[PDB]
């Protein structure tokens, strides 16, 4: 449980103009809620898809006077949803947007990243501290596994800052809308993304320990220094490119 609904008309119109929905596109809203974004987005379209977990909230959109005829509604967890299959059915990549429940906001990005070409872009309302993590550069408390994985997959652009008073009820923290665009060309292509995922996982479990300590399991001291990496570095010190280099190393050797 845990839902906060956008109430601010001027913020909503900002988010909507930021998303810039256009007829012909395959928009998919996650957590439409009380139709705060769904209404104004819907008005611009002839067809819309929404995934809403709450049984009552999904039922209400079904009988909405204007949205009703335009909507395909999936009453379920967005985590269990095959977006690739939808993009296949739609015949084009999806523009996913909305306000995912906090409890799945991190896993859903990962889920969505794996469909790669099936997603045109994403506009999400998320906790501020998560937006900080997504866009974080090295040498920061916010820089972590998520930073590296998201930046591997996507251009990450913070779009709008949203204070709690634009929600009923207000949340305990600040929020931000973030745009994520899967890379047309991978800046740091990686032969096996599973390896990058693993390196980052094991690296960031031991943030304080040095890369030499934290992943002496996977790389010898010579391998790291042969890559230009200082073994005395902690996980926060290693650039996104460097992580991708290490992943490419293990896959090729």
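Residue numbers count along the first chain shown, from 1.
Taking the PDB entry as given, 206 to 214 carries the higher mean Cα B factor of the two stretches 206 to 214 and 181 to 189. If you average the C-alpha B-factors over 123 to 131 and over 165 to 173, the higher value belongs to 165 to 173.
In the deposited coordinates, the residue among 47, 200, 225, 62 with the greatest CA B-factor is 200. Across 35, 221, 58, 27, the greatest Cα temperature factor reported in the deposited entry is at 221. In the deposited entry, the Cα temperature factor of residue 51 places it in the lowest third of its chain's modelled residues. In this PDB entry, the Cα temperature factor of residue 12 sits in the bottom third of its chain's modelled residues, the lowest group.
Residue 147: CA B factor in the lowest third of modelled residues in this chain (values from the PDB entry). Residue 140: CA B factor in the highest third of modelled residues in this chain (values from the PDB entry). Looking at the C-alpha B-factors along this chain, the one for residue 233 belongs to the highest third.
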